[PDB]
Every structure is written in structure tokens, then in C-alpha cells.
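Undergrad: structural data only, the sequence is not supplied:
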Ligand SMILES: CCOC(=O)c1ccc(OCCCC2CCN(c3ccc(C)nn3)CC2)cc1
Ligand SMILES: CCOC(=O)c1ccc(OCCCC2CCN(c3ccc(C)nn3)CC2)cc1
Ligand SMILES: *C(=O)CCCCCCCCCCCCC
Ligand SMILES: *C(=O)CCCCCCCCCCCCC
């Protein structure tokens, strides 16, 4: 999915 | 993902 | 790593002094300044303690050392009476106590000669100008403020019995008080010997027969500077070098606040 | 045990420099010289690395500092183009890279005054003498070799439109390039202040937008020496002291060997 | 493929970290916006380029 | 990175909480819309700034 | 790990001092700047610092679109004896002064580049006729490719060159360009020549400009109005805005203190006295 | 935890009373407002309250774009002896009255700001010619930066200043600005001066305006038509709408009751009698 930080 | 509330 | 007896930095409040040619520094009677302890306290009211506003380095007017110079003197706290918020705090309260860092400044060159004796004297009572009456120096003449006074090589009595000069006549070899200068070394002191050092630095505790007193009526310390060895340079018959005096109040506190004291200083 | 910031010994190849009056030494941008790494390499042929034959101390012609002196400049590698096996290696190869130890020498006496600003400038492009045309300084005039060039206190435009002088006109307070000298301190530098030190020592890395380049077409570093405080002595109206410049190539390597380049230097 | 980062929040509403989402649309990174997540370094190489480390309380020359 | 919140629903259709989605597109929070999720406080500091706490059933002056 | 937007160091409380430690005393001859903070020379209180250097990061300093050139093109009546004006611009940050001075705080730089094009048009003749909406062609011609000689010659075919077709009145055109240097970094200064004068060879043959590397570093932009000649003449201007994104810089330099005079570091007579009068003892 | 949109307190049923408790009696001298509710003085029924104070929250009260200024610019014929008009506006909420009065219910405020620009144009001459679509440049010039003296001078390059390039006929332009104050909050009132008159120093030297802090608080907006002079003159207006978002306010104040007269609190003669006639015993 989507890699935050 | 997406933090609701 | 490089550190030395000769190279010092002093910092109090917004002021810093540096010196590259010191001869260590003296703490009078081995006692660093301190605030008044509860066990030795006497006035019961909450003291005023100005801290950085008054405990900082005030620089007084520069004097000039020449082959004619017999010597200079100042009294504390009197010399600081007109200095910033220290003086203001002093004149608004009945009682006050204070310690001091005295830093005497006098540089010259590898080809000049001379030695200044810098003495810090507890209760430095000086002798007056009269041989007809005694203990008669006026408050105005006893307290020069910042400007200080000088020593004379000769006692010359005030003859005007009708309008007395009412001042001190401090003879240098008698330390202006009837005792011989060669023994003044039992007082906390340093020597500015021009081949060795720029300056003198003395840290003075509050000294008194009382824990706190009237600063306006009473001086605790006297700073006396006398030429132990006369100024000399190369071959010039009348040389001159400046002596600048910088003093800092320390651990000072005040009691008995009221309206401001306005002294008759003239 | 005795060791100090002021007392140094440097040794490269058959040459040793000693100094008893240094003010430490500077490594430009914090980078010591190094040979070209395989990950940053670009020409594929086996490099020539002269080592002790070229990476040693070459001493250039001594210049003279006087009350009239506005300043001196040199370019690298140009100043070293005629120096022993370094110059030979430079002119036989298309490509070359090199770092440098620059050691500026200038002693005087405890009674002299003055301060030299020694600046190592990456890509030190200087301004030309023309107001009718731009970017027109000839290769011969841009490259003085060992002798270097000087700064002027005044911009004086080349008027001869028929036979142009085609050279630099480097105005000292503008660092010869349109910027103010007081800011030249953002460049790797040292100051020879005569009361403090004999010399300046700067260690320079190879700096460029490329890993290796044409040394004959391009200078990487400029050495600029300007009097920040004018020479003065005792009372003599026209004093003089020498400034000797000694430079060493470091970690230098060369690529693209062929016949020797014979440049039109006049 | 979404990248989610924190906002350094200045003047907070009269209304816990606040975030913003980013997605790259193009294959060439030159097409990308500026992240603005930059680093800082110490001025040492410019302000202190001397070979021997300096102690500020100590004499610079010894 | 999506933020999901509830709508305080007024006039409900002739059709359980209803939601709305929000995503911040910009790094600077000043670029953000107004959340409108604000708080309320008690008027006390303006209406009752007296040092001694007041009991409304009691005499104000005693 | 120190982020550009982290808060700066807190001020620590510091008291009186009487010691052999000398922070105030130093020797600038060494080449170093004395790293002092207020507590080294004055009595300080404790302050929790909140300020940050976020906006003075290299990205942030250059994160703005700067005008680097204004190109002029037209579309005249079929009749007028003079040729239809198409524009040719050699790409550079040096035709204007502001961005140039900012980039010149540094010797070398490396960045991706964003170009934004603001296009405006107007009528020139006291006339009265009209023009239909113009479409502009902005073609990049890289060094080597055929430069256009006519508004309508074969080169505008662009089979391989990158062109933008801009429609008047729409949002301003924009493209991104990679780091295109043949060097590891862009050189803002080049202390050298592109040619060696050889003794043996003639003087005129070995000559070149000082500080100039490739005669044509990055090529040209060629712009035209694609629409055919219209009875009423319209003139148009293309303003080019350049922004350095994803930037890195090396070797700091003093800023330009006197007016720029050309592509190099040259200064001109009469412009060399920037600083004004102020007396030593006057606040 | 009490949200702005939570329902207000329910009314509770209350019966008859005969006691020593005196809610109705009080003393306003204390500085307090008596916290009474209907059940304290009348018999009440039970009501389940549904109303809320959502729309009177500080955000909600200010959550609207308000007109703070109208800037006028033009683009004349090349020929006309008079200069092409570009606009310069000093940024402020005080040139208009409505938003000013709302913000002035409070002494201090803190907010992010949204600016929206509505641009309109028209023909001025009875003439008959035309103009092609105008692009406008709105440049922010912060205090210190070179203010433009000409529609086309070097300052419009904007290498570092933030500019908006607006295309006529497109949706109105919009930007957001952070809290930019050099203070912890914006001061709507400053009871002081920016200068101390010193005895020793001359009277004229120590003088300054009352209630004014920095002579130039936030800089100026400079607007121009980027298009070149067109034979038919077009005049244009830029309306600036300001909305305070993410707002906080401190220290409540009475609203302005008499007409504003300038940037300060000054009132003018003849405008001081707001209230109208109504008799004490007339409903
Ligand atoms: C000496 C001048 O300034 C510079 O050093 C300098 C200036 C600019 C710079 O960018 C290099 C040019 C890259 C080109 C390559 C692609 N470009 C394009 C491509 C397509 C289109 C339609 N329009 N422009 C235009 C820019 C890099 C360095
Ligand atoms: C005394 C006047 O009113 C105020 O107190 C007051 C008024 C305004 C206010 O905002 C401060 C101004 C911030 C500026 C900063 C950025 N601005 C910009 C920036 C870019 C562009 C294109 N256009 N405008 C314009 C607004 C803050 C306080
Ligand atoms: C990672 O990105 C997975 C989640 C994708 C969410 C929707 C992305 C929005 C559409 C992007 C289209 C592609 C851009 C060319
Ligand atoms: C958290 O946000 C992960 C889910 C992302 C869903 C798609 C977001 C829609 C595209 C936003 C693009 C970025 C805005 C600059």
C-alpha cells in the first residue's frame, strides 16, 4: 500500500 | 492507511 | 592544554574582564563574599538583593601615574555611590552590606619601570589636616566619591583657624594614618610591578564589627595605591602611564527601605 | 613535554620545512588531499603517479612587501608549470589532478607591524582591463607562471582599441572580481599578523566540477595575498620585508599520455 | 504507492500530529516536487578548518 | 493519509452516522482548510473573575 | 539526523566567573572563527528555543520561480515586406541579475530545473481588425541540431527535439528538466580556457575566451506563433521563469558587490564604488 | 471535551420555593455577573435542549472572505503621454470597515490568512478597437525589498519575492499565508509609541505616531498588467478578499460605536451621537 514516514 | 476520528 | 596564572577572565552580570598579564589574584583573609546568614542576621525585614543589576563591573575615572605621583586612595562603598543601580539601592535603604572584586589596571611596556603597591585596608581611617583640633574632617571631605583622594609626601597643617579646611592630610610613608607603609603588607594586597604584571585583582569580603550597617555613614574598606618604586621610562624625564580602577559589588543586600537619602556632598 | 601550535615541521619527499612561529594550519573545507577513487574515476587508462619526484616543496621567486604594496596573486597549477618533474608530468599528459600544501613565509621583528590576508580561492576568475569588450584576457596574460600577478588599488581601463592589452585589472577591495574583500574570509584562509606569526600554511584538496581535468587549460585554485594592515616599521618611512612562497603538489595523478605540450606563453 | 508525512504546524486552529499525502505521478524524478525534508550540517569545515581541534576555553595559540 | 470525520446531520433525507473524507495536499499547514472541529470553554474568566468562588444561592456580600 | 526545521539550541543559565579559562580571548590568524555563545561572556538565563533555520535551507532559499528572459515573437499580415518574427534564445541564468547573484554565492551547483512560461499578447497597429486565438510552439534545440531560419521551415517538425505547444489564455506552460551537465556539477565559475595556444601553431588559431567552456553549453529555445499570418498584426511576449529544484551547492563565495557587466566577472568603470559615506564615530 | 457544536444544557423541572436561599439577590459591585437560569426564579418544566453554539465559534464568526481593498491598474496606448498605471497597496485590514470591526471585538489575534483575488476589466474610451486577454502580475514586496517604480522595471523579475500570475477570465486567484507576526500575536491595539523622546536629544528627532509600531508592518502588494501597451486602453480592478483561518483571539473589547476615522481609534466631530430617541416609559 502506502508508505507513511 | 487512513486515520478515521 | 595551555591554562595559566597570568591569563584570566572574570565575568559578573553583563560584564567581562580579560587579562593576559596577571600575577594570580587575592582573596582577602581567605574569605569569598557571601550573603548574610540567618544565624547572624539582625534586621528582620525581607532584604533587597539586586543581583546582576548591581553586582557587576563599574569602571571609575582613570588617574595618571607620573614621576611626581605620591599615591591615590578610595573608600568603599563611597567610590560606588553614584554607580548605576548599586548607588540607587544604597541610598534608598537604611542598611546595606556588600563585598567587592577590585581590579586595578595599569599597563606599560618592556622598557618601563615601576611598582605599585595596591592595598585593601579594613576601616581605613585617615589623619586630618589640623594640629589645633582632632577628628574634624568633614563628611564631604572624607567622602570624595569615584574621584578618590591622594597621598602627600609632606604633612602641611591647616592654619586657617577661622575657616578650617576640614580635610585629610594623608602622608604617604605613614599610610596617611600614623603607621609605616612598609608594614601595610599585613593588609590584603598585590603589587603591580611593570616587568611582571598588568594588574591587581583583589576579592574583598564584607568586613565589620556588625553583620550589616549604614553604608551612607560608614566605609568598610579603603583601597590605597602607592608607588613603591617610581615610574621610569627609557630616558624621558617626565613619563606618564594611566591607572584605571574597575570595581564590582558582590553578594550585596539591603535592609530598611524608605524614601531616598539625599546627602550634602558639597 | 614541550609540543606546540606554533612550532611545526613539514616533510614531503626530499624536503623539510620548519617553523617556530606558526598560527596552526588550515585544511581547506576540512578535506585532506587524496588520489582519485575508482567509484569517481573517468579516464580508463592506467594513471601516472609521480609521488616523491613531484609531490615535494617547490620554492617560487621571493616578492617584496612595502608601504606601497596593494597585493599579489598566483594560480594553481600554473605557478608550478616550470617546477621540476611536476611541470614535466603536467605537460606530457592531457589530464591531471593535484592537491597542494601552500606555505607562505614572511618574518619581520617585534617592532614591525602589518597583517597579510592569505586566501585560497576555488575557481578564482579575475576581471579584465576592458570596458569595450568582455571575457577577453589572453591565455598569456591570465597565466603569469611562478611570478604571479599583482592587485591594483585603482581600475584603469585599457583604452587602446586598436591593439588591446588583453590583460587583467584586479582591483584590491573588490578581490579583483567584483566582490568585497572583507568577505573573502568565507574562503579557506590564514592571516600573517607580524606580532603573532611568521607564516601561513594551507592544505588544499583538488576542487572541481569534474574528477580530473586539463591542467594546461584550467586553474583550480587561486592564491591571493593582500595587506589587510599596511607594513610599518619603527619610524622608517619606506620599510621593506620579503614574502617567500613555497608550494608542494600532493596526491597528484595524470592521465592521457602523449607528446609534450608546448604552450605559447608569450 | 502514497507517501505520508507530517506538517510542522505553526498557528494551530481553535480546534496529535497533522499530516499531508503525496503521490508521484511521473517516472522521471526530475518531474517530482521538492520534498522540503532537508538536513542541516555543522559549519565546522568553514568556521573551524584548522588541523588541530579547538577548545574555546583554552588559548587559541599555545 | 486520509482523515475521516462525522457530519452533525441536520435535515435528514427521507432515506447510523454520515461521514466526510479529508486529505491534505500541501506541506504547509497554513494551506489547510479550517477543520471546524472547535472547542468551547466556560465564560468564568469574564463572568466571574472574583477571587472568592461564588455560590448563587448564597448572599454575594457577606 | 539534524533536520533543517529542528529548533535551534536552548540558552542555558550561566552564572558569575573567576577562572583561568579564556573564551573571549582568541587568535583569528589561525583561520578559525571563535565559536562563542552569550553565556561565555555574560550571565545568561535559561531560554527554551523555538526558532528554526527552515526557510534558510538551500532548497528554501532557491524555491522560487525567477525571470530569466523575455522572448518576443509576432504574426504579421501576409502582405508586409518584413519577415514573421520567431524568437531564438540561448539558455542561461545570466541575462538577468537577481537569480544569478543568488546562484553565485556558490562556486558549483547541481539541480533539476523547472521552467514555467508566461505568454502575453497585444495589438500594435491603431488598426481595428482581429485575431483568432494563437497557439505558440516552444522548441528546444540542443547543441548540434538544426536551428530554425524561418517561422515555418522543416525544423519545426520536431521529430526528436522536445517542443511545447501552448494555447493562449490557458494556464502557463510548465516542464521539468533533469540535471543535464556533462560535468558532475554545474560550474558557476571556470578559471580557464577552452583552448590551449600552441607555440608552433598560429596565434589566431589557439585563441579563446577567458572563463568560457563550451561555446554553446545547453542550446537554444526557439519560439514561434504557429498560426498563419493574420491581416491585423499581433505581437507576443514569452516570459521564462526558472526554478532550481532538488538542489545542491558547493564552495561558498562573496556576493556580487558591483554591477554585473557581461557573462563573466568583469566590472565596468564608474560602477565600482558601492559603499556610502558614514563616519567612524557616528551611530 | 466540550465541542462548539454540542447541544446546550437542558432545562430542568423546578417547583415552588420558600427558603433562605437567595439566587435573585446579588451585588454587581464585585465585578461578577449573576449566573442565573430560569428555574432559579420561576417554576420551569423539563425541556431537552437541542440548540448549539456552533455558528458562533471564533472560526465560524470569521469564516468568510471579506473585501479589504480595490486596486486599480491599466494598460494604455504606446502613444499616450501618461505612464502605465501599476498599483501599490500597503497590506492592512483597516482600509475598509466591516472586517475591521469584527476583528476589533478583540485586543489580540493569531491566524493563518487566505487571500482571494477577483479581477475585472473594462474599456474606457468611446473608441472601438480591442484587447487580447490580459495576464496580471501580483507581486508581494516585503519590508526591505525594492518597491517597483515602473510597470516594467527590474523588480518584477521576482527571484525571491512571491508573485501570482493571474490570467483574466480564469477562476479567481488564491493563496494562503502563515502567521507572519514578529510578535506572538497580532496587536489590534498598541497603547504606545515606536520611539522614546530623549531630553538630551532634539524634539523632532524623538517624535513618532501614537499607536503605531513598525512604519511598514507587512509590506505591500504591487500589481501590474504584464501585457504590452495596446492601442485601445483597458482599465482593470483587483478586489482583494481576506479570510482569517485557524484563528485564535484574546481580550474581548466593546465594538466600534461611532464611525472610524483613520487607522487609529480617533473619532471625528459630528459623528459622535449614534443612539436615537426613545422614551423611558415607551415600549
Ligand atoms: C551559464 C548559464 O547558466 C547555467 O549554468 C545553466 C543554465 C541553465 C541550465 O539548464 C540547462 C538547460 C537545459 C535545457 C534542456 C531542456 N529544455 C527544454 C526542453 C523542452 C522544452 C519545450 N523547453 N525547454 C530547456 C533547458 C543549466 C545551467
Ligand atoms: C494593521 C493592519 O492589519 C493587520 O494587523 C494585519 C493585516 C494583514 C496581516 O497579514 C500580514 C500580511 C502578510 C502578507 C504576506 C504574503 N502575501 C502575499 C504573498 C504573495 C502574494 C502573491 N500575495 N500576497 C500578502 C500578505 C496581518 C495583520
Ligand atoms: C500507491 O500509490 C497505491 C494507492 C493509490 C491510490 C490512488 C492514486 C491516485 C491516482 C494516481 C494515478 C497515477 C498517476 C499517473
Ligand atoms: C493516505 O492519504 C493514503 C491514501 C491515499 C489515497 C489517495 C489520495 C488521493 C491523491 C492525493 C495526491 C497527493 C496530493 C498532493
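TA: All right, it came through fine. Numbering: from 1, shown residues only, chains lettered A, B, ... in the order given. Ligands and ions are numbered 1, 2, ... in the order given.

Undergrad: residue boundaries of the helices in the stretch 51-200 of chain G?
TA: Read by DSSP state H, counting those that start in this stretch, the stretch 51-200 of chain G holds these helices, from start to end of the chain: G:58-62, G:98-103.

Undergrad: which bits of the stretch 51-200 of chain G sit near ligand 2?
TA: For the stretch 51-200 of chain G, no residue is in contact with ligand 2 (C-beta under 6 Å from any ligand atom). C-beta: built from backbone N, CA, C; applies to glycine.

Undergrad: in the stretch 151-266 of chain C, what residue comes closest to chain G?
TA: residue C:203 (7.4 Å; C-beta to the nearest C-beta).

Undergrad: so what does the host helix or strand of that residue touch, helix or strand wise?
TA: Using DSSP states H and E, residue C:203 falls within strand C:199-204. On a contact count with 3 or more C-beta pairs under 8 Å, 6 or more residues apart in numbering or on different chains; DSSP states H and E, strand C:199-204 meets strand C:26-27, strand C:93-105, strand C:112-122, strand C:189-193.

Undergrad: one step back: not counting sequence-adjacent ones, nearest residue to the residue of the stretch 151-266 of chain C closest to chain G?
TA: residue C:27 (4.7 Å; C-beta to C-beta, 6 or more residues apart in numbering or on different chains).

Undergrad: name the SS class of the closest residue to ligand 1 within chain E, please.
TA: Among the residues of chain E, residue E:30 lies closest to ligand 1, at 10.2 Å counting by C-beta to the nearest ligand atom. Following DSSP: H, G, I helix; E, B strand; the rest coil, we place residue E:30 in the helix state.

Undergrad: check contacts around it.
TA: G:112, G:113, G:176, G:177, G:178, G:179, G:246 (C-beta atoms under 8 Å, 6 or more residues apart in numbering or on different chains).

Undergrad: buried subset of those?
TA: Taking 16 or more other C-beta atoms under 10 Å in any protein chain shown as the criterion, what is buried in the contacts of residue E:30 is G:112, G:113, G:176, G:177, G:179, G:246.

Undergrad: I'd like to know how far the residue in the stretch 51-200 of chain C that ligand 4 sits nearest to sits from chain H.
TA: Distance from ligand 4 to each residue of the stretch 51-200 of chain C (C-beta to the nearest ligand atom) is smallest for residue C:52, at 52.7 Å. For residue C:52, the distance to chain H equals 23 Å [C-beta to the nearest C-beta, to the nearest Å].

Undergrad: now for the closest residue to residue G:75 other than its chain neighbours: which residues touch it?
TA: In space, not counting the residues next to it along the chain, residue G:75 is nearest to residue G:225; the distance is 4.2 Å by C-beta to C-beta, 6+ apart. Residue G:225 is in contact with G:73, G:74, G:75, G:84, G:86, G:134, G:135, G:136, G:151, G:234, G:236, counting by C-beta under 8 Å, 6+ apart.

Undergrad: give me that answer again for 10 Å
TA: G:73-76, G:84-87, G:121, G:131, G:134-137, G:151, G:168, G:234-236 (C-beta atoms under 10 Å, 6 or more residues apart in numbering or on different chains).

Undergrad: repeat that for residue C:231.
TA: Neighbouring residues of residue C:231 by C-beta under 10 Å, 6+ apart: C:65-69, C:106, C:108, C:112-116, C:194, C:238-241.

Undergrad: can you check residue C:164 too?
TA: C:128, C:129, C:130, C:132, C:133, C:136, C:137, C:138, C:158.

Undergrad: thank you, goodbye.
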